[PDB]
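Asker: Dumping the structure here so I can ask a few things about it.
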Amino acid sequence: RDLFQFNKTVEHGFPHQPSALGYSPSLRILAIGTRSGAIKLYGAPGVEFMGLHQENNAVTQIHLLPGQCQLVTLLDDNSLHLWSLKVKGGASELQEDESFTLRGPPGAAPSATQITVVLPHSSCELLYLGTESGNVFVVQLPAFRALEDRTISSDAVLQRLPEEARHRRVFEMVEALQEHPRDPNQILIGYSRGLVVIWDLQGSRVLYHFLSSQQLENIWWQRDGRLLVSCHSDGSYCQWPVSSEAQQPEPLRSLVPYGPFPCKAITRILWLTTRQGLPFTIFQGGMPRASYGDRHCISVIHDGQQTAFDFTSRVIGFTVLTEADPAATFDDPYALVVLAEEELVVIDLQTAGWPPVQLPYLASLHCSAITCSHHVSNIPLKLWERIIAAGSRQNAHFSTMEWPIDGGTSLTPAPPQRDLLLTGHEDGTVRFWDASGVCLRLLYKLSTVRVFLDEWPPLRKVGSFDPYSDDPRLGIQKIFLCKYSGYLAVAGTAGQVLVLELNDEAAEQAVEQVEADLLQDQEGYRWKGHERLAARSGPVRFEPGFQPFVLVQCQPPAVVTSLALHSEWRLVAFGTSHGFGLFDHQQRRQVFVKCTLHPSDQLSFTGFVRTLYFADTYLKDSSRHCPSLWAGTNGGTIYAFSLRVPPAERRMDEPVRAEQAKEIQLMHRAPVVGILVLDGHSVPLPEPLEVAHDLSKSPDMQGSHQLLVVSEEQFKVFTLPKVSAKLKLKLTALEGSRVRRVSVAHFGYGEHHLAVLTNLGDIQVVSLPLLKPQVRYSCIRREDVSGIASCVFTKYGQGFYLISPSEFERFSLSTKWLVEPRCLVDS
Ligand SMILES: [Cl-]
């Protein structure tokens with residue numbers, strides 16, 4: 001009751017399927033819209049807002065009103081929505097105030113009022129809406145009263161033009177609609193066919209116009225408003241002077257920025273001024289159709305320097321952060337924020353070389369496909385500061401610029417403990433995330449692949465997302481990190497097992513290789529496809545961080561399915577689809593292997609090891625406890641091997657010798673998803689070196705131990721060493737649910753329980769050792785098999801699961817580790 005509680009929290013990572021980018025230069029807050037109707041506001045680390053439109057429709061445009069805590073969104077159904085940041089109870093929240101849909105006359109065409117450009121007037125009193133017909137409608141905010149009196153019709157503009165500039169297309173689409181930077185009375189209107197016009201609002205007269213030789217794509221207005229830069233569908237951009245003395249000019253300077261060959265269109269362009277007199281020219285597209293046409297590029301030109309920033313995904317919006325306010329003399333940019341379809345990129349425009357800016361949030365967790373995730377709770381400070389130190393040297397090429405999107409004040413207090421989330425990926429990388437309280441930022445990246453062996457246009461790949469799968473054999477399957485010693489054990493898809501060690505400096509060392517033939521005592525089989533990797537024979541140099549020292553290749557090179565790493569005994573247990581083996585990573589010697597293949601297996605088998613578990617309990621003698629290894633398979637078989645490890649003073653002088661002690665078969669023959677041994681007080685045996693750092697955690701050896709077996713169908717408790725049954729809990733026979741994952745959870749005095757994730761998406765808690773159902777929740781849905789398979793628990797009642805390939809959703813079952821992210825946006 002007063003210690004169990006499940007509530008939704010926040011989400012981590014890059015939003016799934018974005019479609020709109022917004023940014024308030026005053027508030028310094030980034031806004032992202034998705035194809036599911038969600039808008040996410042991002043400010044300083046800890047300041048985040050999320051909203052949902054009641055209709056499931058993609059967000060196409062986001063316009064944060066100038067100098068106000070409001071924004072206007074446009075969905076693909078031509079709907080407008082006014083959102084605000086109401087401060088309710090010392091902390092601001094996001095809410096949708098009003099809504100409006102542009103209609104048009106009844107008998108009119110539906111696309112005639114399809115909004116193309118939304119112009120928030122500087123007064124924050126009017127919205128100027130460009131449509132596909134060419135008409136610009138005026139909407140007054142709030143109340144959203146479409147003022148039909150102020151409508152600027154298409155032919156109403158053409159009547160002020162000479163006769164030779166009146167050739168109008170049926171749908172003269174408004175592709176440009178901007179306000180004069182120094183005159184709120186003048187607005188610019190841009191049509192597709194090439195007509196650009198400056199309009200006198202209070203007077204209804206055309207003050208300036210020119211026809212474009214090429215189709216109009218976009219335009220940009222200089223700070224003083226005395227020059228226009230238009231980009232066109234032929235891949236060219238030209239400059240136009242704006243002066244009341246010459247209301248009808250010809251272009252000042254035209255060029256196609258990339259080669260004399262045909263080019264793709266330039267969809268957008270910016271003309272930013274600097275105090276040094278060197279303007280920034282930033283345009284998207286314009287790449288040649290000849291070869292570089294299928295590439296998403298954004299080019300920046302400044303002081304004789306050109307760089308075509310190329311992204312691995314579509315560009316669904318970009319902006320440039322400037323030091324200027326609407327009243328400043330010069331723009332002076334310093335950052336280029338690009339919201340790609342799969343990632344977010346920030347480029348430092350001030351530092352010479354234009355280096356990437358490190359992201360404090362919005363990091364694309366799926367830059368490589370996530371294959372596994374492992375959570376380690378409460379990291380000691382000596383290892384914590386060591387990982388953040390080794391992870392700082394690898395981020396040297398990044399900019400020294402502080403995160404520019406610092407808008408807002410996070411009210412969430414500091415995290416209680418240092419939690420750590422690890423993610424294995426398909427390309428062989430492991431990433432260390434700071435899942436302490438809420439914010440999930442990257443600390444260190446590990447690349448395991450190291451064990452296995454033009455000039456124009458100025459293209460330059462940026463971002464970390466790789467949309468290709470070079471080799472799936474590199475995929476990380478199992479991850480184990482000892483927070484006390486720094487030993488890391490990772491397992492791959494091709495049957496590789498790497499045991500790494502964390503040191504502070506670099507090293508050039510050879511990685512010893514040991515073949516673990518799981519089929520040594522059985523012959524008559526031959527592997528078919530997915531052959532093993534190829535390790536470097538020579539001594540490989542490694543950067544500071546987790547350096548590997550031993551490699552164990554399983555034969556056959558099947559996927560590793562279970563992993564256990566005992567740091568004190570210096571043993572690592574690995575298991576594949578056919579068998580398992582115990583390895584002595586201190587002497588780099590194979591202790592034993594056992595082929596578990598049933599005489600008649602499948603074409604998943606029965607001898608498929610699923611769980612590995614080290615323990616120091618009583619197996620044979622009732623009064624002598626010795627190290628042991630436990631292995632559970634799909635056939636309900638539970639193996640137990642008595643281990644004899646030497647003391648630390650002779651660990652390098654005697655081999656570790658094992659001997660099978662028990663073979664237990666559950667009579668319902670359900671797969672074993674968890675083995676666990678309890679001490680005299682029914683407390684689970686502590687992890688390796690957990691007692692070494694807190695000797696009061698020494699397990700009760702006086703008093704009979706208990707064996708806890710968790711299968712896919714039921715829970716059974718035994719009594720060591722005689723392993724006689726004493727308790728049962730047939731969950732599948734009752735609720736009709738099967739156990740997907742189980743984990744010991746310590747809630748808060750504080751006693752231990754069993755956290756169970758069923759295949760239904762529910763999560764139940766079970767007491768120890770009586771196995772009494774304490775509570776039952778509903779985290780994931782039943783149809784969400786993708787997310788329920790990649791769901792991870794923590795020691796203290798917290799969890800993570802994937803709502804999309806890119807986003808983790810966090811949840812907490814404990815009342816003591818609740819976190820409600822509060823933040824404040826002011827002025
Ligand atoms: Cl702990």
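Chain labels follow the order of the structure tokens: the first chain is A, the next B, and so on; residue numbering restarts at 1 in every chain, and ligands are counted from 1 in their shown order.
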Show me, as a PyMOL selection string, the residues that have an atom within 12 Å of residue 359 (chain A) when counting only C-alpha atoms, minus same-chain residues fewer than 4 positions from it.

Answerer: chain A and resi 13-14+42+44-45+337+343-347+363-365+395+398-399+401-405+440-443+463-464

Asker: Let me see the file: selected residues, N, CA, C and O atoms, as an mmCIF file, in the first residue's frame.

Answerer:
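As a result, out_18.cif now contains:
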```cif
data_model
loop_
_atom_site.group_PDB
_atom_site.id
_atom_site.type_symbol
_atom_site.label_atom_id
_atom_site.label_comp_id
_atom_site.auth_asym_id
_atom_site.auth_seq_id
_atom_site.Cartn_x
_atom_site.Cartn_y
_atom_site.Cartn_z
ATOM 1 N N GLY A 13 15.068 10.364 -25.293
ATOM 2 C CA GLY A 13 15.571 10.147 -26.630
ATOM 3 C C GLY A 13 14.996 11.118 -27.643
ATOM 4 O O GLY A 13 14.441 12.169 -27.310
ATOM 5 N N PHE A 14 15.138 10.745 -28.912
ATOM 6 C CA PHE A 14 14.708 11.548 -30.051
ATOM 7 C C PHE A 14 13.273 11.194 -30.425
ATOM 8 O O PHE A 14 12.947 10.007 -30.539
ATOM 9 N N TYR A 42 11.443 21.954 -25.823
ATOM 10 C CA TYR A 42 12.725 21.651 -25.198
ATOM 11 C C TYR A 42 13.450 22.951 -24.892
ATOM 12 O O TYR A 42 13.698 23.756 -25.795
ATOM 13 N N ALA A 44 16.181 24.422 -21.400
ATOM 14 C CA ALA A 44 17.357 24.001 -20.663
ATOM 15 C C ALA A 44 17.199 22.551 -20.215
ATOM 16 O O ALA A 44 16.079 22.044 -20.109
ATOM 17 N N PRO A 45 18.315 21.848 -19.972
ATOM 18 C CA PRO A 45 18.224 20.483 -19.435
ATOM 19 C C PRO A 45 17.380 20.416 -18.173
ATOM 20 O O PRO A 45 17.692 21.062 -17.167
ATOM 21 N N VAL A 337 20.899 24.819 -35.955
ATOM 22 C CA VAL A 337 20.120 23.699 -35.440
ATOM 23 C C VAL A 337 19.372 23.068 -36.604
ATOM 24 O O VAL A 337 18.570 23.733 -37.269
ATOM 25 N N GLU A 343 17.536 12.485 -36.398
ATOM 26 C CA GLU A 343 18.444 13.004 -35.383
ATOM 27 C C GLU A 343 18.378 14.525 -35.371
ATOM 28 O O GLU A 343 17.753 15.150 -36.228
ATOM 29 N N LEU A 344 19.037 15.110 -34.372
ATOM 30 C CA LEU A 344 19.162 16.555 -34.233
ATOM 31 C C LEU A 344 20.639 16.922 -34.240
ATOM 32 O O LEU A 344 21.428 16.348 -33.482
ATOM 33 N N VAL A 345 21.008 17.876 -35.091
ATOM 34 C CA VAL A 345 22.395 18.288 -35.268
ATOM 35 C C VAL A 345 22.512 19.774 -34.963
ATOM 36 O O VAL A 345 21.673 20.574 -35.393
ATOM 37 N N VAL A 346 23.551 20.139 -34.215
ATOM 38 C CA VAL A 346 23.852 21.529 -33.889
ATOM 39 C C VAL A 346 25.306 21.790 -34.257
ATOM 40 O O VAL A 346 26.205 21.078 -33.793
ATOM 41 N N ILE A 347 25.537 22.807 -35.085
ATOM 42 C CA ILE A 347 26.866 23.145 -35.584
ATOM 43 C C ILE A 347 27.259 24.511 -35.036
ATOM 44 O O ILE A 347 26.481 25.468 -35.123
ATOM 45 N N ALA A 363 19.235 13.032 -27.728
ATOM 46 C CA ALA A 363 20.194 12.148 -28.375
ATOM 47 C C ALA A 363 19.469 10.958 -28.986
ATOM 48 O O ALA A 363 18.686 10.281 -28.312
ATOM 49 N N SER A 364 19.721 10.710 -30.267
ATOM 50 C CA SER A 364 19.068 9.617 -30.982
ATOM 51 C C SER A 364 19.570 8.293 -30.426
ATOM 52 O O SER A 364 20.641 7.811 -30.799
ATOM 53 N N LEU A 365 18.787 7.696 -29.525
ATOM 54 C CA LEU A 365 19.130 6.402 -28.951
ATOM 55 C C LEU A 365 19.233 5.304 -30.000
ATOM 56 O O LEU A 365 19.770 4.233 -29.699
ATOM 57 N N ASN A 395 35.190 12.888 -26.670
ATOM 58 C CA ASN A 395 34.419 14.024 -27.174
ATOM 59 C C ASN A 395 35.274 15.280 -27.294
ATOM 60 O O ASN A 395 34.836 16.377 -26.940
ATOM 61 N N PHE A 398 34.364 17.978 -30.333
ATOM 62 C CA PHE A 398 33.166 18.788 -30.198
ATOM 63 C C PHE A 398 33.519 20.224 -29.821
ATOM 64 O O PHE A 398 34.636 20.531 -29.395
ATOM 65 N N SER A 399 32.539 21.108 -29.985
ATOM 66 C CA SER A 399 32.732 22.517 -29.690
ATOM 67 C C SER A 399 32.805 22.754 -28.185
ATOM 68 O O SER A 399 32.291 21.977 -27.375
ATOM 69 N N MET A 401 31.425 25.441 -27.015
ATOM 70 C CA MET A 401 30.296 26.330 -26.776
ATOM 71 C C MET A 401 29.302 25.690 -25.815
ATOM 72 O O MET A 401 28.920 24.528 -25.983
ATOM 73 N N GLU A 402 28.889 26.449 -24.804
ATOM 74 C CA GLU A 402 27.850 25.984 -23.898
ATOM 75 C C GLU A 402 26.530 25.835 -24.645
ATOM 76 O O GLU A 402 26.275 26.519 -25.640
ATOM 77 N N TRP A 403 25.689 24.929 -24.156
ATOM 78 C CA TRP A 403 24.438 24.604 -24.831
ATOM 79 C C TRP A 403 23.586 25.857 -25.006
ATOM 80 O O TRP A 403 23.153 26.450 -24.006
ATOM 81 N N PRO A 404 23.322 26.291 -26.241
ATOM 82 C CA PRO A 404 22.658 27.588 -26.437
ATOM 83 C C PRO A 404 21.174 27.577 -26.124
ATOM 84 O O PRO A 404 20.615 28.645 -25.851
ATOM 85 N N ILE A 405 20.511 26.422 -26.161
ATOM 86 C CA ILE A 405 19.089 26.360 -25.842
ATOM 87 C C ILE A 405 18.938 26.215 -24.333
ATOM 88 O O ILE A 405 18.593 25.140 -23.829
ATOM 89 N N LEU A 440 18.447 11.770 -19.247
ATOM 90 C CA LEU A 440 19.212 10.625 -19.743
ATOM 91 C C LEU A 440 20.217 11.135 -20.772
ATOM 92 O O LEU A 440 19.895 11.258 -21.957
ATOM 93 N N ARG A 441 21.435 11.424 -20.325
ATOM 94 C CA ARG A 441 22.479 11.926 -21.204
ATOM 95 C C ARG A 441 23.606 10.909 -21.332
ATOM 96 O O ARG A 441 23.843 10.097 -20.432
ATOM 97 N N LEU A 442 24.298 10.967 -22.465
ATOM 98 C CA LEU A 442 25.359 10.019 -22.767
ATOM 99 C C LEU A 442 26.623 10.355 -21.986
ATOM 100 O O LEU A 442 27.016 11.521 -21.880
ATOM 101 N N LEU A 443 27.259 9.322 -21.439
ATOM 102 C CA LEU A 443 28.498 9.460 -20.683
ATOM 103 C C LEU A 443 29.706 8.912 -21.426
ATOM 104 O O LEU A 443 30.746 9.573 -21.492
ATOM 105 N N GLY A 463 26.091 14.320 -37.936
ATOM 106 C CA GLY A 463 25.170 13.439 -37.254
ATOM 107 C C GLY A 463 25.760 12.058 -37.027
ATOM 108 O O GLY A 463 26.758 11.660 -37.629
ATOM 109 N N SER A 464 25.112 11.310 -36.137
ATOM 110 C CA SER A 464 25.599 10.002 -35.724
ATOM 111 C C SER A 464 24.700 8.852 -36.160
ATOM 112 O O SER A 464 24.988 7.701 -35.822
#
```

Asker: Set out as JSON lines a contact list for chain A and ligand 1 with a cut-off of 12 Å, giving each residue of chain A that qualifies its closest atom pair and distance in Å to one decimal, counting only C-alpha atoms and all ligand atoms, ordered by chain and rising residue number.

Answerer:
```
{"residue": "A:376", "atom": "CA", "partner": "ligand 1", "partner_atom_place_in_ligand_line": "1 (Cl)", "distance": 9.3}
{"residue": "A:377", "atom": "CA", "partner": "ligand 1", "partner_atom_place_in_ligand_line": "1 (Cl)", "distance": 6.9}
{"residue": "A:378", "atom": "CA", "partner": "ligand 1", "partner_atom_place_in_ligand_line": "1 (Cl)", "distance": 5.9}
{"residue": "A:379", "atom": "CA", "partner": "ligand 1", "partner_atom_place_in_ligand_line": "1 (Cl)", "distance": 8.0}
{"residue": "A:380", "atom": "CA", "partner": "ligand 1", "partner_atom_place_in_ligand_line": "1 (Cl)", "distance": 9.1}
{"residue": "A:417", "atom": "CA", "partner": "ligand 1", "partner_atom_place_in_ligand_line": "1 (Cl)", "distance": 10.1}
{"residue": "A:418", "atom": "CA", "partner": "ligand 1", "partner_atom_place_in_ligand_line": "1 (Cl)", "distance": 10.8}
{"residue": "A:419", "atom": "CA", "partner": "ligand 1", "partner_atom_place_in_ligand_line": "1 (Cl)", "distance": 10.5}
{"residue": "A:482", "atom": "CA", "partner": "ligand 1", "partner_atom_place_in_ligand_line": "1 (Cl)", "distance": 11.4}
{"residue": "A:483", "atom": "CA", "partner": "ligand 1", "partner_atom_place_in_ligand_line": "1 (Cl)", "distance": 9.4}
{"residue": "A:484", "atom": "CA", "partner": "ligand 1", "partner_atom_place_in_ligand_line": "1 (Cl)", "distance": 10.1}
{"residue": "A:686", "atom": "CA", "partner": "ligand 1", "partner_atom_place_in_ligand_line": "1 (Cl)", "distance": 9.0}
{"residue": "A:687", "atom": "CA", "partner": "ligand 1", "partner_atom_place_in_ligand_line": "1 (Cl)", "distance": 8.9}
{"residue": "A:688", "atom": "CA", "partner": "ligand 1", "partner_atom_place_in_ligand_line": "1 (Cl)", "distance": 11.1}
{"residue": "A:689", "atom": "CA", "partner": "ligand 1", "partner_atom_place_in_ligand_line": "1 (Cl)", "distance": 10.4}
{"residue": "A:690", "atom": "CA", "partner": "ligand 1", "partner_atom_place_in_ligand_line": "1 (Cl)", "distance": 7.0}
{"residue": "A:691", "atom": "CA", "partner": "ligand 1", "partner_atom_place_in_ligand_line": "1 (Cl)", "distance": 9.6}
{"residue": "A:692", "atom": "CA", "partner": "ligand 1", "partner_atom_place_in_ligand_line": "1 (Cl)", "distance": 11.5}
{"residue": "A:693", "atom": "CA", "partner": "ligand 1", "partner_atom_place_in_ligand_line": "1 (Cl)", "distance": 9.4}
{"residue": "A:694", "atom": "CA", "partner": "ligand 1", "partner_atom_place_in_ligand_line": "1 (Cl)", "distance": 9.2}
{"residue": "A:697", "atom": "CA", "partner": "ligand 1", "partner_atom_place_in_ligand_line": "1 (Cl)", "distance": 9.8}
{"residue": "A:745", "atom": "CA", "partner": "ligand 1", "partner_atom_place_in_ligand_line": "1 (Cl)", "distance": 11.2}
{"residue": "A:746", "atom": "CA", "partner": "ligand 1", "partner_atom_place_in_ligand_line": "1 (Cl)", "distance": 9.7}
{"residue": "A:794", "atom": "CA", "partner": "ligand 1", "partner_atom_place_in_ligand_line": "1 (Cl)", "distance": 10.9}
{"residue": "A:795", "atom": "CA", "partner": "ligand 1", "partner_atom_place_in_ligand_line": "1 (Cl)", "distance": 8.0}
{"residue": "A:796", "atom": "CA", "partner": "ligand 1", "partner_atom_place_in_ligand_line": "1 (Cl)", "distance": 9.2}
```

Asker: Using the selection just defined, write its residues with N, CA, C and O atoms as a tab-separated table (two decimals), in the first residue's frame.

Answerer:
```
chain	number	residue	atom	x	y	z
A	376	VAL	N	22.09	-0.60	-14.27
A	376	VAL	CA	22.88	-0.83	-13.06
A	376	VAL	C	22.59	0.31	-12.10
A	376	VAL	O	22.87	1.48	-12.40
A	377	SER	N	22.04	-0.03	-10.93
A	377	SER	CA	21.60	0.97	-9.97
A	377	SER	C	22.71	1.30	-8.97
A	377	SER	O	23.47	0.42	-8.55
A	378	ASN	N	22.78	2.58	-8.59
A	378	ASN	CA	23.68	3.06	-7.55
A	378	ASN	C	25.13	2.73	-7.85
A	378	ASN	O	25.67	1.73	-7.36
A	379	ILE	N	25.79	3.56	-8.65
A	379	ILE	CA	27.18	3.34	-9.04
A	379	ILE	C	28.10	4.00	-8.02
A	379	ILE	O	27.85	5.15	-7.62
A	380	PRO	N	29.15	3.32	-7.55
A	380	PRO	CA	30.12	3.99	-6.68
A	380	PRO	C	30.76	5.18	-7.39
A	380	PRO	O	30.87	5.22	-8.61
A	417	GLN	N	20.60	9.06	-6.22
A	417	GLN	CA	21.73	8.17	-6.48
A	417	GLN	C	22.15	8.29	-7.94
A	417	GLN	O	21.49	8.93	-8.76
A	418	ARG	N	23.28	7.66	-8.26
A	418	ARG	CA	23.82	7.64	-9.62
A	418	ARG	C	23.44	6.31	-10.27
A	418	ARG	O	24.10	5.29	-10.05
A	419	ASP	N	22.37	6.33	-11.06
A	419	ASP	CA	22.01	5.17	-11.86
A	419	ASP	C	22.68	5.24	-13.23
A	419	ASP	O	23.13	6.30	-13.67
A	482	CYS	N	30.14	-4.80	-13.65
A	482	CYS	CA	30.38	-4.84	-12.21
A	482	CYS	C	30.71	-3.43	-11.74
A	482	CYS	O	31.80	-2.92	-12.02
A	483	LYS	N	29.78	-2.81	-11.02
A	483	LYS	CA	29.97	-1.44	-10.57
A	483	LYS	C	31.05	-1.30	-9.51
A	483	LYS	O	31.39	-0.17	-9.14
A	484	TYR	N	31.60	-2.41	-9.01
A	484	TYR	CA	32.58	-2.36	-7.94
A	484	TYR	C	34.02	-2.53	-8.41
A	484	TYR	O	34.93	-1.94	-7.82
A	686	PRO	N	23.78	-11.61	-2.31
A	686	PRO	CA	24.24	-10.36	-2.91
A	686	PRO	C	25.08	-10.61	-4.15
A	686	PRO	O	25.64	-11.68	-4.37
A	687	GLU	N	25.15	-9.57	-4.99
A	687	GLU	CA	25.95	-9.63	-6.20
A	687	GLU	C	27.44	-9.70	-5.85
A	687	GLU	O	27.83	-9.38	-4.72
A	688	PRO	N	28.27	-10.14	-6.79
A	688	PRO	CA	29.72	-10.17	-6.53
A	688	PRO	C	30.24	-8.81	-6.08
A	688	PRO	O	29.90	-7.77	-6.65
A	689	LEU	N	31.06	-8.83	-5.03
A	689	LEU	CA	31.70	-7.68	-4.41
A	689	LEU	C	30.72	-6.74	-3.73
A	689	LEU	O	31.15	-5.72	-3.17
A	690	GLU	N	29.42	-7.03	-3.74
A	690	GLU	CA	28.48	-6.20	-2.99
A	690	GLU	C	28.74	-6.31	-1.49
A	690	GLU	O	28.70	-5.31	-0.77
A	691	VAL	N	29.01	-7.52	-1.01
A	691	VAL	CA	29.38	-7.70	0.39
A	691	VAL	C	30.76	-7.11	0.66
A	691	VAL	O	31.02	-6.59	1.75
A	692	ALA	N	31.66	-7.17	-0.33
A	692	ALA	CA	33.02	-6.67	-0.15
A	692	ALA	C	33.03	-5.18	0.17
A	692	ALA	O	33.96	-4.70	0.84
A	693	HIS	N	32.02	-4.44	-0.28
A	693	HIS	CA	31.93	-3.01	-0.03
A	693	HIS	C	30.95	-2.66	1.08
A	693	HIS	O	30.82	-1.48	1.42
A	694	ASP	N	30.28	-3.65	1.66
A	694	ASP	CA	29.41	-3.42	2.82
A	694	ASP	C	29.28	-4.77	3.53
A	694	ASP	O	28.37	-5.55	3.23
A	697	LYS	N	26.16	-6.60	4.74
A	697	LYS	CA	25.32	-7.32	3.79
A	697	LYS	C	25.67	-8.80	3.69
A	697	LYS	O	25.15	-9.48	2.80
A	745	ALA	N	13.58	-7.04	-6.66
A	745	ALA	CA	13.38	-5.62	-6.44
A	745	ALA	C	13.31	-5.33	-4.95
A	745	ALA	O	12.64	-6.04	-4.20
A	746	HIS	N	14.01	-4.28	-4.53
A	746	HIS	CA	14.08	-3.87	-3.13
A	746	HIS	C	13.36	-2.54	-2.98
A	746	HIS	O	13.84	-1.51	-3.47
A	794	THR	N	15.00	-2.32	-12.68
A	794	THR	CA	16.08	-1.85	-11.83
A	794	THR	C	15.94	-2.49	-10.45
A	794	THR	O	14.94	-3.14	-10.14
A	795	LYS	N	16.97	-2.30	-9.62
A	795	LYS	CA	16.95	-2.88	-8.28
A	795	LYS	C	15.85	-2.27	-7.43
A	795	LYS	O	15.19	-2.97	-6.65
A	796	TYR	N	15.63	-0.96	-7.56
A	796	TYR	CA	14.79	-0.20	-6.63
A	796	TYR	C	13.45	0.20	-7.25
A	796	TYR	O	12.93	1.28	-6.99
```

Asker: Have a look at CA of residue 142 (chain A) and CA of residue 184 (chain A) and let me know their distance in Å, one decimal.

Answerer: 19.2 Å

Asker: Return as a list in words the full set of residues in region 389-595 of chain A whose backbone-based DSSP assignment is helix (DSSP H, G or I).

Answerer: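 Helix (DSSP H, G or I) members of region 389-595 of chain A, listed: residues 389, 390, 391, 392, 393, 448, 449, 450, 451, 472, 473 and 474 of chain A.
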
Asker: Residues as selected, N, CA, C and O atoms, written as a short mmCIF file (atom, residue, chain, number, x, y, z; two decimals), in the first residue's frame, can you do that?

Answerer:
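Output saved as part.cif:
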```cif
data_model
loop_
_atom_site.label_atom_id
_atom_site.label_comp_id
_atom_site.auth_asym_id
_atom_site.auth_seq_id
_atom_site.Cartn_x
_atom_site.Cartn_y
_atom_site.Cartn_z
N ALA A 389 35.13 10.51 -17.04
CA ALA A 389 36.45 11.00 -17.43
C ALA A 389 36.92 10.35 -18.72
O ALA A 389 37.39 11.04 -19.63
N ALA A 390 36.81 9.02 -18.81
CA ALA A 390 37.17 8.34 -20.05
C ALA A 390 36.24 8.73 -21.19
O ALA A 390 36.65 8.70 -22.36
N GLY A 391 35.00 9.11 -20.88
CA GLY A 391 34.06 9.56 -21.88
C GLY A 391 34.22 11.00 -22.32
O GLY A 391 33.56 11.41 -23.28
N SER A 392 35.06 11.78 -21.63
CA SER A 392 35.35 13.15 -22.04
C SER A 392 36.45 13.23 -23.09
O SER A 392 36.40 14.12 -23.95
N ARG A 393 37.43 12.34 -23.03
CA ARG A 393 38.51 12.35 -24.02
C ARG A 393 37.99 12.02 -25.42
O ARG A 393 38.52 12.53 -26.41
N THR A 448 33.14 -2.16 -29.85
CA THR A 448 33.75 -3.48 -29.79
C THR A 448 34.28 -3.95 -31.14
O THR A 448 35.00 -4.95 -31.19
N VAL A 449 33.96 -3.24 -32.23
CA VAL A 449 34.41 -3.66 -33.56
C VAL A 449 35.92 -3.59 -33.68
O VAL A 449 36.50 -4.28 -34.53
N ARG A 450 36.59 -2.78 -32.85
CA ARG A 450 38.04 -2.65 -32.93
C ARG A 450 38.77 -3.97 -32.76
O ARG A 450 39.93 -4.08 -33.16
N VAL A 451 38.11 -4.98 -32.18
CA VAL A 451 38.72 -6.30 -32.06
C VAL A 451 38.72 -7.04 -33.40
O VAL A 451 39.52 -7.96 -33.60
N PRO A 472 25.51 -7.55 -39.10
CA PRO A 472 24.69 -7.82 -37.91
C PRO A 472 25.38 -8.72 -36.89
O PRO A 472 24.90 -8.80 -35.75
N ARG A 473 26.48 -9.38 -37.26
CA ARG A 473 27.20 -10.22 -36.31
C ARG A 473 27.78 -9.42 -35.15
O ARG A 473 28.02 -9.98 -34.08
N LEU A 474 28.00 -8.12 -35.35
CA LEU A 474 28.53 -7.27 -34.29
C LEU A 474 27.51 -6.98 -33.20
O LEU A 474 27.90 -6.50 -32.13
#
```
